[PDB]
file entry-v1.txt (compact mmCIF, C-alpha atoms)
# COMPACT_ATOMS: atom_id res chain seq x y z
CA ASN P 9 -15.19 2.68 -8.43
CA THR P 10 -16.99 1.30 -5.31
CA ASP P 11 -15.84 -2.32 -5.29
CA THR P 12 -12.42 -1.86 -6.80
CA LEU P 13 -11.94 0.76 -4.08
CA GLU P 14 -13.03 -1.63 -1.26
CA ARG P 15 -10.59 -4.25 -2.47
CA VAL P 16 -7.75 -1.69 -2.52
CA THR P 17 -8.75 -0.55 0.94
CA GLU P 18 -8.52 -4.24 2.05
CA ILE P 19 -5.11 -4.56 0.31
CA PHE P 20 -3.69 -1.60 2.10
CA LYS P 21 -5.24 -2.63 5.56
CA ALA P 22 -3.38 -5.99 5.15
CA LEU P 23 -0.15 -4.23 4.39
CA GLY P 24 -0.43 -1.97 7.42
CA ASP P 25 1.77 -4.15 9.67
CA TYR P 26 5.47 -4.39 10.36
CA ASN P 27 5.71 -8.18 10.19
CA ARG P 28 3.49 -8.55 7.10
CA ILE P 29 5.74 -6.00 5.35
CA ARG P 30 8.82 -7.98 6.34
CA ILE P 31 7.19 -11.13 4.83
CA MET P 32 6.22 -9.26 1.64
CA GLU P 33 9.69 -7.84 1.24
CA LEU P 34 11.20 -11.33 1.69
CA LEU P 35 8.89 -12.81 -0.89
CA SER P 36 9.90 -9.93 -3.27
CA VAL P 37 13.44 -11.30 -3.03
CA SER P 38 12.38 -14.88 -3.81
CA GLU P 39 9.46 -17.29 -3.52
CA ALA P 40 9.69 -19.22 -0.24
CA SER P 41 8.35 -21.95 2.06
CA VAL P 42 6.99 -21.18 5.54
CA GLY P 43 10.11 -22.68 7.12
CA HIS P 44 12.42 -20.42 5.19
CA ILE P 45 10.24 -17.36 5.90
CA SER P 46 10.23 -18.24 9.69
CA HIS P 47 14.04 -18.78 9.76
CA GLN P 48 14.93 -15.53 8.00
CA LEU P 49 12.57 -13.22 9.93
CA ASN P 50 12.75 -14.93 13.32
CA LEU P 51 8.99 -15.50 13.35
CA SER P 52 7.23 -18.68 14.34
CA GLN P 53 5.92 -20.94 11.57
CA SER P 54 2.46 -20.68 13.18
CA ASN P 55 2.67 -16.79 12.99
CA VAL P 56 4.00 -16.90 9.37
CA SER P 57 1.23 -19.16 8.25
CA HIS P 58 -1.38 -16.94 9.98
CA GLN P 59 -0.04 -13.83 8.16
CA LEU P 60 0.20 -15.64 4.81
CA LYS P 61 -3.45 -16.73 5.03
CA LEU P 62 -4.41 -13.10 5.64
CA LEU P 63 -2.15 -11.86 2.72
CA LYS P 64 -3.57 -14.59 0.50
CA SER P 65 -7.23 -13.73 1.32
CA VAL P 66 -6.72 -10.21 -0.24
CA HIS P 67 -4.72 -11.69 -3.13
CA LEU P 68 -1.30 -10.24 -2.27
CA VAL P 69 0.45 -13.66 -2.11
CA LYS P 70 -0.24 -17.03 -3.76
CA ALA P 71 0.76 -20.61 -2.95
CA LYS P 72 1.87 -23.38 -5.33
CA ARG P 73 2.72 -26.99 -4.51
CA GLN P 74 6.24 -28.17 -5.30
CA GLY P 75 6.33 -31.80 -4.20
CA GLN P 76 5.83 -31.88 -0.40
CA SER P 77 5.55 -28.19 0.72
CA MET P 78 3.82 -25.04 -0.36
CA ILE P 79 5.81 -22.24 -1.97
CA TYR P 80 4.59 -18.68 -1.40
CA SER P 81 5.09 -15.82 -3.77
CA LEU P 82 3.85 -12.32 -4.34
CA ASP P 83 0.72 -12.68 -6.41
CA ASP P 84 1.89 -10.80 -9.52
CA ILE P 85 4.03 -7.99 -10.89
CA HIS P 86 1.53 -5.34 -9.79
CA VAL P 87 1.92 -6.37 -6.12
CA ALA P 88 5.68 -6.57 -6.58
CA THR P 89 5.78 -3.19 -8.26
CA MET P 90 3.54 -1.53 -5.64
CA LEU P 91 5.76 -2.93 -2.90
CA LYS P 92 9.09 -2.04 -4.40
CA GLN P 93 8.07 1.47 -5.28
CA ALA P 94 6.72 2.07 -1.69
CA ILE P 95 10.00 0.80 -0.18
CA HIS P 96 12.05 2.94 -2.51
CA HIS P 97 9.94 5.98 -1.51
CA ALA P 98 10.43 5.11 2.16
CA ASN P 99 14.15 4.78 1.65
CA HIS P 100 14.69 8.22 0.13
CA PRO P 101 14.70 12.09 0.05
CA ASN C 9 16.52 -2.24 7.06
CA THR C 10 14.54 -1.33 10.26
CA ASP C 11 13.75 2.36 9.80
CA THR C 12 12.92 2.00 6.13
CA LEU C 13 10.45 -0.75 7.10
CA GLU C 14 8.85 1.46 9.84
CA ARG C 15 8.34 4.28 7.37
CA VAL C 16 6.69 1.88 4.90
CA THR C 17 4.60 0.41 7.68
CA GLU C 18 3.46 4.01 8.39
CA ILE C 19 2.74 4.51 4.67
CA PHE C 20 0.56 1.50 4.46
CA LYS C 21 -1.35 2.25 7.77
CA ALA C 22 -2.17 5.70 6.30
CA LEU C 23 -3.49 4.11 3.13
CA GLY C 24 -5.65 1.63 4.95
CA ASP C 25 -8.82 3.70 4.70
CA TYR C 26 -11.60 3.99 2.14
CA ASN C 27 -11.82 7.78 2.18
CA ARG C 28 -8.03 8.34 2.17
CA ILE C 29 -7.83 6.03 -0.90
CA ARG C 30 -10.57 8.03 -2.61
CA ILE C 31 -8.49 11.17 -1.96
CA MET C 32 -5.24 9.58 -3.26
CA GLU C 33 -6.94 8.31 -6.36
CA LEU C 34 -8.37 11.75 -7.13
CA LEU C 35 -4.96 13.34 -6.67
CA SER C 36 -3.59 10.71 -9.12
CA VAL C 37 -6.00 12.09 -11.71
CA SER C 38 -4.92 15.71 -11.06
CA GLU C 39 -3.47 18.01 -8.36
CA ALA C 40 -6.28 19.78 -6.49
CA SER C 41 -7.38 22.25 -3.85
CA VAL C 42 -9.28 21.20 -0.73
CA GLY C 43 -12.51 22.63 -2.14
CA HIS C 44 -12.20 20.58 -5.29
CA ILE C 45 -11.40 17.41 -3.36
CA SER C 46 -14.45 18.07 -1.07
CA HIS C 47 -16.84 18.64 -3.99
CA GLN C 48 -15.81 15.66 -5.99
CA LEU C 49 -15.84 13.12 -3.11
CA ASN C 50 -18.71 14.64 -1.10
CA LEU C 51 -16.53 15.01 1.99
CA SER C 52 -16.35 18.07 4.14
CA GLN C 53 -13.43 20.43 3.72
CA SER C 54 -12.65 20.00 7.41
CA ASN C 55 -12.46 16.15 6.87
CA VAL C 56 -10.42 16.47 3.63
CA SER C 57 -7.92 18.73 5.35
CA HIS C 58 -7.61 16.34 8.29
CA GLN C 59 -6.88 13.42 5.96
CA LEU C 60 -4.42 15.43 3.86
CA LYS C 61 -2.43 16.41 6.99
CA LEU C 62 -2.19 12.73 7.93
CA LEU C 63 -1.20 11.76 4.30
CA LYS C 64 1.34 14.59 4.25
CA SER C 65 2.91 13.58 7.64
CA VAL C 66 3.97 10.20 6.02
CA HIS C 67 4.96 11.95 2.78
CA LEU C 68 2.30 10.51 0.50
CA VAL C 69 1.02 13.96 -0.52
CA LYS C 70 2.60 17.37 -0.74
CA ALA C 71 1.17 20.95 -0.91
CA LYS C 72 2.43 23.91 -2.98
CA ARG C 73 1.17 27.50 -2.95
CA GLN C 74 -0.44 28.63 -6.25
CA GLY C 75 -1.56 32.28 -5.90
CA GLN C 76 -3.82 32.37 -2.78
CA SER C 77 -4.72 28.58 -2.25
CA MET C 78 -2.79 25.46 -1.50
CA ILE C 79 -2.62 22.73 -4.10
CA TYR C 80 -2.18 19.09 -3.14
CA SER C 81 -0.55 16.38 -5.19
CA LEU C 82 0.79 12.90 -4.78
CA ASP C 83 4.30 13.28 -3.40
CA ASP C 84 6.19 11.74 -6.34
CA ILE C 85 6.08 9.10 -9.06
CA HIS C 86 6.81 6.26 -6.72
CA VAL C 87 3.63 7.06 -4.71
CA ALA C 88 1.69 7.41 -7.97
CA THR C 89 3.12 4.18 -9.27
CA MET C 90 2.38 2.25 -6.01
CA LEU C 91 -1.18 3.46 -6.07
CA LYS C 92 -1.91 2.88 -9.72
CA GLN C 93 -0.51 -0.63 -9.65
CA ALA C 94 -2.51 -1.50 -6.46
CA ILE C 95 -5.74 -0.15 -8.13
CA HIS C 96 -5.06 -2.15 -11.25
CA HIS C 97 -4.53 -5.33 -9.21
CA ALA C 98 -7.78 -4.80 -7.35
CA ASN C 99 -9.51 -4.15 -10.64
CA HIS C 100 -8.33 -7.38 -12.21
CA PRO C 101 -8.42 -11.22 -12.89
CA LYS C 102 -6.86 -14.27 -11.14

call {"tool": "encode", "arguments": {"input": "entry-v1.txt", "output": "structure tokens"}}
result
Amino acid sequence: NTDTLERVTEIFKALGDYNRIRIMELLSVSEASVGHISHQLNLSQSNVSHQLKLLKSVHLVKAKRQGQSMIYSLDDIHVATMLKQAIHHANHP
Amino acid sequence: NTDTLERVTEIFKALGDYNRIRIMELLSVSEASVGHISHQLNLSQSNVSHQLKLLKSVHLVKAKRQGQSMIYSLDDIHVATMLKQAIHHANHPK
């Protein structure tokens, strides 16, 4: 239905990007700080943060304080499941 | 790896479109001909076909002959599962 379908359109527009997919995949491995995301993907912290704010605005990632820095994670199991199944499909026959 | 992530990048670019999402969701209800897709979504057959060729080129939909017409379906369960879980998330709390 109309509004559900505009949110899923926004979800998939946000996922349509090589570096945002790399960040999603990394988060699917484990929750992570900006600095760890930047180190592993060889992306600047400023770029990482920019892409996380975009992912967070369509509710694909969340952020939770843990003392001094912000830990990012895939929002929930539905986002994780969507992502893993897409990757698996991409990997295969 | 690199080429896996380019294919999934392609998958997600293809899905990033209101009318292509409408078409995927309908297919997730049932496999269908172009004329049925057109009628249900009030899209021209020439537009539906165009979108299905793009969806097929990144392996999100497939086509199989059934007598004289061509029947489209989501490619496999992983595509169905990706879609249904994304819909559910958009439909939901938090």

call {"tool": "closest_residue", "arguments": {"input": "entry-v1.txt", "among": "C:67, C:92, C:72, C:21", "to": "residue 20 (chain P)", "atoms": "only C-alpha atoms"}}
result
C:21

call {"tool": "closest_residue", "arguments": {"input": "entry-v1.txt", "among": "C:23, C:33, C:46, C:9", "to": "chain P", "atoms": "only C-alpha atoms"}}
result
C:23

call {"tool": "residues_around", "arguments": {"input": "entry-v1.txt", "residues": "residue 77 (chain P)", "least_positions_apart": "5", "cutoff": "10 Å", "atoms": "all atoms listed in the file", "output": "MDAnalysis selection string"}}
result
chainID P and resid 40:43 71:72

call {"tool": "interface_residues", "arguments": {"input": "entry-v1.txt", "of": "chain C", "to": "chain P", "cutoff": "10 Å", "atoms": "only C-alpha atoms", "output": "number ranges by chain"}}
result
C: 9-30, 33, 66-68, 83-100, 102

call {"tool": "atom_distance", "arguments": {"input": "entry-v1.txt", "atom1": "CA of residue 39 (chain C)", "atom2": "CA of residue 65 (chain C)"}}
result
17.8 Å

call {"tool": "axis_aligned_box", "arguments": {"input": "entry-v1.txt", "around": "region 72-75 of chain P", "padding_each_side": "5 Å", "output": "lines of an AutoDock Vina configuration file"}}
result
center_x = 4.1
center_y = -27.6
center_z = -4.8
size_x = 14.5
size_y = 18.4
size_z = 11.1

call {"tool": "atom_distance", "arguments": {"input": "entry-v1.txt", "atom1": "CA of residue 74 (chain C)", "atom2": "CA of residue 41 (chain C)"}}
result
9.7 Å

call {"tool": "closest_residue", "arguments": {"input": "entry-v1.txt", "among": "C:76, C:38, C:52, C:81", "to": "residue 64 (chain C)", "atoms": "all atoms listed in the file"}}
result
C:81

call {"tool": "atom_distance", "arguments": {"input": "entry-v1.txt", "atom1": "CA of residue 39 (chain P)", "atom2": "CA of residue 79 (chain P)"}}
result
6.3 Å

call {"tool": "closest_residue", "arguments": {"input": "entry-v1.txt", "among": "C:34, C:51, C:82, C:45", "to": "residue 63 (chain C)", "atoms": "only C-alpha atoms"}}
result
C:82

call {"tool": "build_atoms", "arguments": {"input": "entry-v1.txt", "residues": "region 79-90 of chain C", "atoms": "N, CA, C and O atoms", "output": "compact mmCIF listing (two decimals), in the frame of the given file"}}
result
# COMPACT_ATOMS: atom_id res chain seq x y z
N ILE C 79 -2.27 23.79 -3.16
CA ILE C 79 -2.62 22.73 -4.10
C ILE C 79 -1.94 21.44 -3.68
O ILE C 79 -0.72 21.41 -3.45
N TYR C 80 -2.72 20.38 -3.57
CA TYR C 80 -2.18 19.09 -3.14
C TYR C 80 -1.92 18.20 -4.29
O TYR C 80 -2.59 18.26 -5.28
N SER C 81 -0.93 17.32 -4.15
CA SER C 81 -0.55 16.38 -5.19
C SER C 81 0.09 15.20 -4.53
O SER C 81 0.67 15.32 -3.49
N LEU C 82 -0.01 14.05 -5.17
CA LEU C 82 0.79 12.90 -4.78
C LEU C 82 2.25 13.33 -4.65
O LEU C 82 2.70 14.18 -5.40
N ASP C 83 2.99 12.75 -3.71
CA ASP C 83 4.30 13.28 -3.40
C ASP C 83 5.24 13.13 -4.60
O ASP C 83 5.84 14.09 -5.01
N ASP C 84 5.33 11.95 -5.17
CA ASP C 84 6.19 11.74 -6.34
C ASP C 84 5.70 10.60 -7.15
O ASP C 84 4.71 9.98 -6.81
N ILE C 85 6.46 10.22 -8.19
CA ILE C 85 6.08 9.10 -9.06
C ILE C 85 6.02 7.75 -8.38
O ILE C 85 5.38 6.87 -8.85
N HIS C 86 6.82 7.54 -7.38
CA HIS C 86 6.81 6.26 -6.72
C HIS C 86 5.46 6.06 -6.00
O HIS C 86 4.90 5.00 -6.04
N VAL C 87 4.97 7.11 -5.33
CA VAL C 87 3.63 7.06 -4.71
C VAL C 87 2.56 6.85 -5.79
O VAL C 87 1.66 5.98 -5.67
N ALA C 88 2.63 7.62 -6.87
CA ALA C 88 1.69 7.41 -7.97
C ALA C 88 1.77 6.02 -8.50
O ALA C 88 0.74 5.40 -8.81
N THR C 89 2.98 5.48 -8.62
CA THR C 89 3.12 4.18 -9.27
C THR C 89 2.55 3.09 -8.33
O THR C 89 1.86 2.19 -8.79
N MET C 90 2.88 3.19 -7.04
CA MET C 90 2.38 2.25 -6.01
C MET C 90 0.89 2.24 -6.08
O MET C 90 0.28 1.21 -6.20
